[PDB]
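Right, one structure below, let's go through it.
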Amino acid sequence: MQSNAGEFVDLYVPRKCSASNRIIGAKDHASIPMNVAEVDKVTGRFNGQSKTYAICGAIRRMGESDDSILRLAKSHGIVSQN
Amino acid sequence: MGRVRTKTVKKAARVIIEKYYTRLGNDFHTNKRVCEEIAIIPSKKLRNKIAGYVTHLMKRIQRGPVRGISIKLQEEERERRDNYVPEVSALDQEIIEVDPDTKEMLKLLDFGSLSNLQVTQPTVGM
Amino acid sequence: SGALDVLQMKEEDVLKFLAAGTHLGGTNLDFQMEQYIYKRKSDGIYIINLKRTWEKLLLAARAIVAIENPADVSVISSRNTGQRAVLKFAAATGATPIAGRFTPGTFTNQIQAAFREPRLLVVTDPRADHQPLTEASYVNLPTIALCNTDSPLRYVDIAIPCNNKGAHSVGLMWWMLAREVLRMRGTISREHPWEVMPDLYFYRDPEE
Amino acid sequence: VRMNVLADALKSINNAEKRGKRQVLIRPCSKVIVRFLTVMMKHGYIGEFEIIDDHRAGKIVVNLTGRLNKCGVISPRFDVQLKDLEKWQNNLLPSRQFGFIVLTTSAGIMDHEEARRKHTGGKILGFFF
Amino acid sequence: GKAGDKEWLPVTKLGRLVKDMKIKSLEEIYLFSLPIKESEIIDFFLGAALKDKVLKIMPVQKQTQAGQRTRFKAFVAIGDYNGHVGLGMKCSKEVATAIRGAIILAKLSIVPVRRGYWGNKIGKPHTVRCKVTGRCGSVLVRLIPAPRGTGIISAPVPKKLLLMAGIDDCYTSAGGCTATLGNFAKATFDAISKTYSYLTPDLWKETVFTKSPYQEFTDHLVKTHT
């Protein structure tokens, strides 16, 4: 957040979950980052740079996260036509 | 009557059988004198109890495995059951066929072998 | 799948799926399990798609790879069928098994001596191991498990459908799970027969 | 009955956004709802929206994001005279800095920030933030 | 005579990374929304700006066949004047032990606040970003933003918390039974929490999802550490 100078304030800028577009607080212990491993996709062997996600507790606790994690990987890979 | 054994007996009885399994007999008097040497029990009457329960446990340990304490040879036979069972080496009998509506899935996923057909009657409980 | 046919399901594995009856799934359904099913028979039994099973296997396994420590991907199962299977899993691949009764408080205590902080979980059957799932949402653990048609989804991030009512469906699936993580991380890769088989991930099954 | 159409409309998109959705169905499609959502789209609280056509009155479908917190209606429709304005916007907005009271004027439907630059009072409809 | 402390050997993973000093601020922790399970982590980062303000020391007591039995339940506030506050309750047989139990618990539950401006900028935020609420069982508060130099206009109870928060200007109003102050202060604390859980147009740009400290610093923790 900006000021007169454009100087940035706020002690931490919180992170905003992928499929809910809302922000998770300092205490919120049902919110998970989930690391998918990429592969080279020529031999199907692990190669470094991961795809990382974040999900909030609200969609987790109702049981909607399973669709969200699927759709996120469906707009990328690995998922073709499921 | 009464005289149900306390936890102080049952705690140390298990321990003494685990670490001195070999020394045990199945006679009262021999199992007493062993407990006297491998440990000190500060009373005499207490000693006569802990021996008798050590004896009574050792009867059952020569059958199937006790669920309160472990010995070595049971963990041997555990491992022997849990690394191969004589029932199969084949997966599962190598060829198993399935009935239609499973065949339709396989048709649309490029598979077309090793099937049977039976079109079993309607319906649930009927 | 992703890569064109060097990750896609082979003709071989199809036989194993059908021989272990994984395709079959129970009578009762949930509204989160509607898409995974294709259809019903003429009888009460609903036929899970095996293509849809296969895609979910991969990113599930790829997440088990993505951690840089294999000693803190804690697997859990408490059903008798799922005891022998998980024990070989976490013996072969570096992982931590928690076999039998969970003994609650082991993801939130500072006094218990079985206290652990893992990152992932891999659970068999939500409705036998509901306890670790509830405690996972107090300390930010990602979660994976094996769902059936009638198993509800709640405090799980990804499902891996299966028949799993106590069958060869169980042990086969845990074997396949351990096969994939080695194709990416390990040197077992070649994708042509591995020495270890699914004939010892199956149930103890009391002998003669 | 359905005395006021716009008032029944906003509660759906309010309820839907809370549960976590991104497509809705709102009926029965008034022209008043269209120009409302047009202004609400420019600022960026919702995405593009598709008007289905029927002879009856139509139906509208919306694509939305979590940026919206709540859009409400204010009924019945009171007048504003550009000195009453400051009193309204204090009660109805979380802050001076952002939030947008909407209204209709003879110069068309618009936010309050625009109306002040045209010197036009008029009848207030709702709000959002 | 004899010298040297040795205090705080971590049994917690997060605690060990702080003790080896590869986590450089609490602001990293909050960004991943981790629990904090030890009271020395916070007291390592801070500890020379944290004050305590014991609100009430309240008796409660039940009835048994031998008569009364009374335990003392005290509330204790905590906060430095840069944006971090907390609050805690605890009860025990005696007084001092309950107080010291609460001074530990309040450090554990500490959180940051988000401060903002009135309608214009001149640097250094002095008030609350947006108009928020917070309820605890029929008590609620309506923290309303205020211009500079008005001071905190509130009852005595929330005037403690908001002043420690560094929120120097605020208008408030209460609703319901504020006599039972345990509700009243927990409802204030509830409101003060919501400040970073309220979405504003500033935060609409998308996050970069930087990798976790748990992931990057895992190399030191492959010895026997848990």
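Throughout, read-outs are computed from the coordinates displayed, never taken from laboratory work. Cβ coordinates were reconstructed from backbone atoms using ideal geometry, including for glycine residues, and neighbour counts include every protein chain displayed.
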**Prompt:** How many residues does the stretch E:213-226 contain that are within 7 Å of another protein chain (Cβ to nearest Cβ) and either under 23 Å from the mean Cα position of the chain (by Cα) or closer than 30 Å to E:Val139 by Cα (or both)?
**Reply:** 0
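Would you mind finding the one in B:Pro42, B:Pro86 that is loosely packed, with under 14 Cβ neighbours inside 10 Å and within 25 Å of C:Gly171 (Cα to Cα)? Walk me through how you get there before you give the answer.
Numbers: B:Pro42 fails: within 25 Å of C:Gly171 (Cα to Cα).
Of the residues listed, the single one that is loosely packed, with under 14 Cβ neighbours inside 10 Å and within 25 Å of C:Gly171 (Cα to Cα) is B:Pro86.
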**Request:** Please go through the stretch B:48-67 and pick out each residue that is more than 11 Å from B:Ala13 (Cα to Cα) and not hydrophobic (A, V, I, L, M, F, W, C).
**Result:** B:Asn48, B:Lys59, B:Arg60, B:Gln62, B:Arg63, B:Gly64, B:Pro65, B:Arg67
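Quick check on the stretch A:42-55: of everything there that is in contact (Cβ under 8 Å) with a residue 24 or more places away in the chain and facing another protein chain (nearest Cβ under 7 Å), which residue is surrounded by the most Cβ atoms within 10 Å (Cβ to Cβ)?
Top of the filtered list is A:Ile55.
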**Item:** Extreme residue, farthest from D:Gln89 (Cα to Cα), among residues of the stretch E:126-152 that are more than 14 Å from chain D (Cβ to nearest Cβ), touching a helix residue (DSSP H, G or I) at 6+ places or on another chain (Cβ under 9 Å) and surrounded by fewer than 16 Cβ atoms within 10 Å (Cβ to Cβ)
**Value:** E:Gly137
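Is it true that B:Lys7 is farther than 30 Å from C:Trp194 by Cβ, within 27 Å of the chain's Cα centre (by Cα) and touching a residue at least 12 places away in the same chain (Cβ under 8 Å)?
Working: farther than 30 Å from C:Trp194 by Cβ: yes; within 27 Å of the chain's Cα centre (by Cα): yes; touching a residue at least 12 places away in the same chain (Cβ under 8 Å): no.
Here the answer is no, as B:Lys7 does not meet what is asked.
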**Failed criterion for A:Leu70 (all others in (1) farther than 20 Å from E:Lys211 by Cα; (2) crowded, with 17+ Cβ neighbours inside 10 Å; (3) within 12 Å of chain D (Cβ to nearest Cβ) hold)** = (3)
**Prompt:** If you check C:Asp43, C:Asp5, which single one turns out to be farther than 20 Å from C:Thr149 by Cα, more than 9 Å from chain A (Cβ to nearest Cβ), assigned to a loop (DSSP other than H, G, I, E, B) and without any contact (Cβ under 8 Å) to a residue 40 or more places away in the chain?
**Reply:** C:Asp5
**Item:** Criterion violated by D:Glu17 - all others in (1) in a loop (DSSP other than H, G, I, E, B); (2) touching a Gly at 6+ places or on another chain (Cβ under 9 Å) satisfied
**Value:** (1)
**Request:** Select from the stretch D:58-75 the residues that are over 17 Å from D:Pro94 (Cβ atoms) and in contact (Cβ under 8 Å) with a residue 60 or more places away in the chain and write down the one among them that is nearest to the other protein chains (Cβ to nearest Cβ).
**Result:** D:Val73
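Residues in the stretch A:23-37: is at least one among the β-branched types (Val, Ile, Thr), surrounded by 16 or more Cβ atoms within 10 Å (Cβ to Cβ), within 7 Å of another protein chain (Cβ to nearest Cβ) and part of a loop (DSSP other than H, G, I, E, B)? Give the derivation first.
Pass one, the stretch A:23-37, residues among the β-branched types (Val, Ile, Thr): A:23-24, A:32, A:36.
Applying the additional criterion that residues be surrounded by 16 or more Cβ atoms within 10 Å (Cβ to Cβ) yields A:23-24, A:32, A:36.
Among the residues that remain, those that are also within 7 Å of another protein chain (Cβ to nearest Cβ) are: A:23-24, A:32, A:36.
After this cut, where a residue has to be part of a loop (DSSP other than H, G, I, E, B) as well, the list is A:24.
Yes, the stretch A:23-37 contains a residue that is among the β-branched types (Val, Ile, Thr), surrounded by 16 or more Cβ atoms within 10 Å (Cβ to Cβ), within 7 Å of another protein chain (Cβ to nearest Cβ) and part of a loop (DSSP other than H, G, I, E, B).
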**Request:** Return only the number of the condition from (1) outside any helix (DSSP H, G or I); (2) exposed (fewer than 13 other Cβ atoms within 10 Å of the Cβ); (3) within 13 Å of another protein chain (Cβ to nearest Cβ) that B:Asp99 does not satisfy.
**Result:** (2)
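Restricting attention to the stretch B:46-57, does a residue exist that is more than 8 Å from chain C (Cβ to nearest Cβ), surrounded by fewer than 10 Cβ atoms within 10 Å (Cβ to Cβ) and of a type in the set (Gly, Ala, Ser)?
Let us first name the residues in the stretch B:46-57 that are more than 8 Å from chain C (Cβ to nearest Cβ), namely B:46-57.
With the extra rule that they be surrounded by fewer than 10 Cβ atoms within 10 Å (Cβ to Cβ), the set shrinks to none.
No, the stretch B:46-57 contains no residue that is more than 8 Å from chain C (Cβ to nearest Cβ), surrounded by fewer than 10 Cβ atoms within 10 Å (Cβ to Cβ) and of a type in the set (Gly, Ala, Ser).
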**Prompt:** Do you know which residues across the stretch D:76-113 are closer than 25 Å to E:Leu143 by Cβ, away from chain E (no Cβ under 14 Å), in contact (Cβ under 8 Å) with a residue 24 or more places away in the chain and out of contact with any strand residue (DSSP E or B) (no Cβ under 6 Å at 6 or more places or on another chain)?
**Reply:** D:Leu85, D:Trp88
**Message:** within 11 Å of chain A (Cβ to nearest Cβ), surrounded by fewer than 21 Cβ atoms within 10 Å (Cβ to Cβ), in contact with a helix residue (DSSP H, G or I) (Cβ under 6 Å, 6 or more places away or on another chain) and of a type in the set (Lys, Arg): which single residue out of C:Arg154, C:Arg185 fits that description?
**Reply:** C:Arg185
